[PDB]
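Notes follow once the structure below has been shown.
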Amino acid sequence: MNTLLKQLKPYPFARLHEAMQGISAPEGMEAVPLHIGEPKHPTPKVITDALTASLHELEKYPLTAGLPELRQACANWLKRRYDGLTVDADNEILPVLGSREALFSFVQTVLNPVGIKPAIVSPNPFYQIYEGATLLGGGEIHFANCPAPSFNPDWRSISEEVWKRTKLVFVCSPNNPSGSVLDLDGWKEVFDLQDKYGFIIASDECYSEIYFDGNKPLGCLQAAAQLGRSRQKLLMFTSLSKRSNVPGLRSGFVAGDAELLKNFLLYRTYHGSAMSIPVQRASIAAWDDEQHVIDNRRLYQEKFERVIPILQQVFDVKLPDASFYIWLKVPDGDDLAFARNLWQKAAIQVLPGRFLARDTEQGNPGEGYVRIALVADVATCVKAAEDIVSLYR
Amino acid sequence: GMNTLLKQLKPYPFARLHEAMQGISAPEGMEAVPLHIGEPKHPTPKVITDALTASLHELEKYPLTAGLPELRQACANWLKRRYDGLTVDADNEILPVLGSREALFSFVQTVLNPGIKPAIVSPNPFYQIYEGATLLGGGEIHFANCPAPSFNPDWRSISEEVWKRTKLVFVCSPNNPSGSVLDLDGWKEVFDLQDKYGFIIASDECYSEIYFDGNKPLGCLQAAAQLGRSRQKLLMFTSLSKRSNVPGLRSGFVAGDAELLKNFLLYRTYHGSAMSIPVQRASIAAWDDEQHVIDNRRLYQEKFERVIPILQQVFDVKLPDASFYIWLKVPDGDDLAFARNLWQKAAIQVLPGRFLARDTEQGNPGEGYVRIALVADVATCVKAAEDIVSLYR
Ligand SMILES: [Ca+2]
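Line order of the protein sequences matches chains P and B.
Just so you know, we're using our numbering here: the first sequence kicks off at 1 and counts up by one.
Just so you know, we're using our numbering here: the second sequence kicks off at 1 and counts up by one.
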């Protein structure tokens with residue numbers, strides 16, 4: 001049982017808590033939680049109205065594939081969002097109970113060791129789920145480092161021997177933590193590798209709606225369409241969590257290769273991941289409405305518009321491609337000391353970049369950075385930015 | 001391999017009735033009577049929907065996988081009320097789960113870690129998930145047949161060779177389809193086998209609240225207490241789906257061995273099975289209230305009170321121990337021909353017992369029975385019973 005469970009590594013939050021033990025913030029000073037990776041904006045009424053109005057439907061077991069009208073709301077949203085992209089609600093979309101369970105379960109189906117040990121390639125810095133899902137599925141995790149200035153994945157670091165047994169590659173776009181959006185050239189590179197080696201691509205696009213000034217992030221399926229490529233062995237994973245301020249609703253979808261999804265659905269019927277009908281109705285309301293999403297982007301953009309210039313007094317920093325993070329370069333390279341000093345002097349919590357990345361033969365690509373989330377209100381973000389500058393100017 | 005197994009598995013027996021009716025039509029102008037499906041049809045109570053609506057602002061937050069202290073305590077409090085003072089620690093012996101299906105499936109995956117092929121033992125007739133979870137986890141499924149008149153599992157049909165490789169045993173009590181509640185002698189037997197061979201016991205108790213005349217079914221944890229035994233390697237799985245007519249809520253809990261649950265919780269943080277806070281609130285309301293459960297139980301009591309004596313005019317049948325099923329012995333032994341005749345003559349849908357069982361060295365213990373679910377209203381059930389009897393006069 002505990003053989004694979006024993007290989008799991010502590011979560012970033014836990015590493016930060018341990019690192020801060022014995023370091024005291026100023027007496028009476030409220031902690032400023034910039035280290036978190038979750039939204040703080042309130043849930044929109046359009047979603048909660050739809051949930052409440054359908055609660056009688058709790059009396060019914062939902063089918064794993066979901067209501068036709070939920071799959072169609074996702075197909076309609078895809079068309080609006082990705083400039084006419086046509087994805088078949090009947091064959092290319094499954095609702096998921098948040099992207100976390102979907103990513104984990106899909107990986108379990110992809111990894112079936114017997115035998116050559118199968119590999120999965122993740123960006124580095126990574127999202128902890130990519131590693132854990134791989135370890136618990138009996139796979140071997142490998143890391144494509146994402147160095148500045150583009151923070152795109154360096155696939156060349158991965159040997160031919162590893163590529164030959166690689167069953168899946170993760171892309172996170174927009175990236176947590178770097179904000180980077182993989183562009184057409186980056187997608188073409190990974191598609192060329194896929195033609196060579198035959199792995200599945202899983203693209204985690206949960207930050208697709210968090211962007212600035214009309215500069216919409218390119219998605220995987222859109223990139224494929226722009227390059228005239230089929231959806232074979234391509235899957236996008238997305239969520240209402242960041243888009244719609246409903247991390248608690250546990251609702252998203254997976255879309256792409258109909259052949260992959262046909263078999264994933266069969267598995268999911270046993271894995272027990274069918275969506276509550278009232279949750280489906282709330283989700284339809286969410287995917288159908290853009291006003292709450294527009295309002296959401298406006299809140300984030302206002303924060304960056306104030307915070308970036310404040311931080312530029314002292315730091316080498318610019319607006320990220322997308323997402324609500326700043327991946328801040330630490331001037332002397334010591335992300336741990338940076339976090340300690342901010343906590344001791346201002347009760348400000350930031351996440352050391354090295355806790356989001358693994359050591360490699362080429363170093364740890366999270367060292368020298370901290371992750372800051374602009375999820376609190378603008379006054380809180382501005383005060384923090386000013387306090388940080390005051391400590392480093 | 002994965003895909004061929006998924007193509008083979010049939011997660012929903014009720015669907016197999018259709019192929020078996022092939023080209024037999026029900027009479028013109030007769031509404032089909034669905035007694036073949038193992039799912040409730042009573043409405044969701046207001047006490048639950050009220051609590052859900054009241055807490056919808058909490059969709060803005062990510063829930064922790066372990067759940068709110070107050071949900072685990074509501075479960076602990078319910079257990080104490082239900083099992084005559086049973087004391088189970090909310091801090092370490094209870095995890096909330098998103099319906100028992102995902103819980104049973106994921107727990108099995110963690111137990112199976114395959115050169116010696118691990119075994120799991122299931123009752124026969126069985127519940128679909130037991131077979132799927134085992135096979136998808138790389139385990140070998142073995143069957144303890146449940147023959148009349150007790151329908152308790154016959155453990156001695158499992159060889160010592162299999163027992164030595166057995167990692168988990170399922171108990172379903174009250175049983176689907178037989179209604180049988182494993183008693184103190186039956187629990188003692190499986191406990192003694194556990195002491196000998198060291199497997200984990202997983203007890204599926206989702207029908208615990210559907211019973212008659214004040215005769216509350218014994219549960220696994222209560223049986224251990226009564227026999228002076230610890231909870232080591234014991235886990236009960238339960239759900240609000242049947243108790244509270246909220247199968248769509250996707251809510252239950254698992255309780256028992258704290259060490260098992262510690263490891264299960266770690267896995268579940270990656271597996272992505274944390275409960276929406278508003279669903280947790282609705283669930284607290286559900287576990288805290290008994291009036292809606294008393295009302296629900298009274299609906300089923302009325303149905304059985306009227307149906308059993310009608311059927312007894314022609315069939316060898318009695319009130320089951322619990323559950324909403326009648327496991328009806330077919331006079332001539334041909335359960336397929338029985339279901340076909342009821343459909344062709346009366347539009348009545350019952351489930352051939354062979355569809356819930358696998359064949360063994362001791363025959364298919366589903367053959368010669370049909371499962372009838374009393375989930376439709378009393379008037380419909382009574383008329384169905386009368387119509388069945390007149391066809392078998
Ligand atoms: Ca697998």
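In this text, a Cβ means the ideal position worked out from N, Cα and C, and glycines have one as well.
Please determine whether the Cβ atom of residue i lies at a distance below 6 Å from any heavy atom of ligand 1.
i, result
"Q349 (chain B)", "no"
"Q7 (chain P)", "no"
"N113 (chain B)", "no"
I need the boundaries of the alpha helix (DSSP H) containing residue i, first residue and last residue.
i, result
"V169 (chain P)", "Not the alpha helix (DSSP H): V169 (chain P) falls in the beta strand (DSSP E), residues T166 to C172."
"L235 (chain P)", "No alpha helix (DSSP H) contains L235 (chain P), which is instead part of the beta strand (DSSP E) from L234 to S239."
"residue 403 (chain P)", "Look at the range of chain P in this structure, 1 to 393, and you will see that residue 403 (chain P) is not part of it."
"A26 (chain B)", "Premise fails: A26 (chain B) is in no alpha helix (DSSP H) and is neither H nor E."
"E189 (chain P)", "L184 to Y197"
"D335 (chain P)", "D335 to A346"
"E131 (chain B)", "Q128 to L136"
Could you tell me which chain P residues have their CB closer than 7 Å to the CB of residue i, listed as they occur along the chain?
i, result
"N3 (chain B)", "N263"
"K61 (chain B)", "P247 and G248"
"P13 (chain B)", "Under the 7 Å cutoff, chain P gives no residues; its nearest Cβ is about 13 Å from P13 (chain B)."
"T87 (chain B)", "Simply none; closest approach about 27 Å."
Residue i touches chain B at which residues, Cβ-Cβ below 8 Å?
i, result
"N112 (chain P)", "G1 and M2"
"residue 415 (chain P)", "Nothing about residue 415 (chain P) can be reported from this structure: the residues present for chain P run from 1 to 393 only."
"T109 (chain P)", "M2"
"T238 (chain P)", "Near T238 (chain P) there are no residues of chain B at all, since even the closest Cβ is about 14 Å away, more than 8 Å."
"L8 (chain P)", "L266 and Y270"
"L5 (chain P)", "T110, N263, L266 and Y267"
Could you spell out where the beta strand (DSSP E) holding residue i opens and where it closes?
i, result
"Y369 (chain P)", "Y369 to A373"
"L328 (chain B)", "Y325 to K329"
"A119 (chain P)", "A119 to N124"
"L227 (chain P)", "It is not in any beta strand (DSSP E) - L227 (chain P) carries neither H nor E in the DSSP assignment."
"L95 (chain B)", "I94 to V97"
"residue 411 (chain P)", "Chain P is shown from 1 up to 393; residue 411 (chain P) falls before or after that span and cannot be answered."
Would the C-beta of residue i count as close to ligand 3, meaning under 6 Å from any of its heavy atoms?
i, result
"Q109 (chain B)", "Looking at this structure, you won't find ligand 3 anywhere; what it does contain is ligand 1."
So which residues of chain P does residue i contact, with C-beta pairs closer than 8 Å?
i, result
"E209 (chain B)", "Within chain P, no residue comes near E209 (chain B); the closest Cβ sits about 16 Å away, beyond 8 Å."
"residue 401 (chain B)", "Examination of residue 401 (chain B) is not possible in this model, given that chain B is present from 1 through 393 alone."
"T360 (chain B)", "Those within 8 Å of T360 (chain B) in chain P number zero; the least Cβ separation is about 23 Å."
Note down, in chain order, every chain B residue with its Cβ under 9 Å from the Cβ of residue i.
i, result
"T43 (chain P)", "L56, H57, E58, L59 and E60"
"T380 (chain P)", "Going along chain B, no residue has its Cβ under 9 Å from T380 (chain P), so there is no contact; the nearest lies around 16 Å."
So which residues of chain B does residue i contact, with C-beta pairs closer than 7 Å?
i, result
"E302 (chain P)", "Simply none; closest approach about 19 Å."
"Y325 (chain P)", "Result: empty, since nearest Cβ-Cβ is about 16 Å, beyond 7 Å."
"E101 (chain P)", "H271, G272 and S273"
### Query
Do the region 155 to 172 of chain B and the region 199 to 210 of chain B make contact, defined as three or more Cβ pairs closer than 8 Å?
yes
### Query
Taking a cut of 9 Å between CB atoms, which residues from the region 269 to 290 of chain P lie near chain B?
When C-beta distances to chain B are compared with 9 Å, the residues of the region 269 to 290 of chain P below that value are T269, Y270, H271, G272, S273, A274, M275, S276, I277, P278, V279 and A282, in chain order.
### Task
Report the residues of the region 130 to 143 of chain B with a CB closer than 7 Å to any CB of chain P, ordered along the chain.
Sequence-ordered contacts of the region 130 to 143 of chain B with chain P read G132, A133 and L136 [C-beta pairs closer than 7 Å].
### Task
Return the residues of the region 51 to 82 of chain P that lie within a Cβ-Cβ distance of less than 8 Å from chain B, sorted by chain order.
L51, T52, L55, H56, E57, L58, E59, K60, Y61 and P62
### Query
Taking contact to mean at least 3 C-beta pairs separated by less than 8 Å, is the region 288 to 305 of chain P in contact with the region 231 to 248 of chain P?
yes
### Message
Taking contact to mean 3 or more Cβ pairs, one atom from each stretch, closer than 8 Å, check whether the region 266 to 278 of chain B and the region 57 to 66 of chain B are in contact.
### Response
yes
### Query
Can we say the region 91 to 98 of chain B touches the region 71 to 78 of chain B, given the rule of at least three CB pairs closer than 8 Å?
Three or more beta-carbon pairs separated by less than 8 Å link the region 91 to 98 of chain B to the region 71 to 78 of chain B, which places the two stretches in contact.
### Task
Kindly confirm or deny that the region 375 to 391 of chain B and the region 135 to 153 of chain B touch, where touching means at least three C-beta pairs closer than 8 Å.
no
### Query
Do three or more CB pairs link the region 358 to 369 of chain P to the region 249 to 263 of chain P at distances below 8 Å?
Contact fails between the region 358 to 369 of chain P and the region 249 to 263 of chain P, because fewer than three Cβ pairs, one in each stretch, are under 8 Å apart.
### Message
Under 8 Å, with one C-beta from each stretch per pair, do the region 16 to 33 of chain B and the region 329 to 343 of chain B reach the 3-pair mark?
### Response
yes
### Message
So, does the region 347 to 355 of chain P touch the region 153 to 165 of chain P, judging by three or more C-beta pairs under 8 Å?
### Response
no
### Task
Flag this pair as touching only if the region 143 to 153 of chain P and the region 97 to 109 of chain P have three or more C-beta atom pairs under 8 Å; answer yes or no.
no
### Message
Closer than 8 Å is the cut-off here; do at least three beta carbon pairs connect the region 258 to 268 of chain B with the region 1 to 14 of chain B?
### Response
no
### Message
Using a Cβ-Cβ cutoff of 9 Å, what residues of the region 29 to 42 of chain B are near chain P? List them in chain order.
### Response
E39, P40, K41 and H42
#### Entry: Contact between the region 276 to 289 of chain B and the region 47 to 57 of chain B (3+ Cβ pairs under 8 Å)
yes
### Query
Given a limit of 8 Å on CB to CB distance, which residues of the region 163 to 174 of chain P reach chain B?
none
### At least three beta-carbon pairs within less than 8 Å, the region 30 to 40 of chain P to the region 215 to 228 of chain P
Not touching, per the Cβ criterion.
### Message
I want to know whether the region 172 to 185 of chain P touches the region 315 to 330 of chain P - three or more CB-CB distances under 8 Å.
### Response
yes
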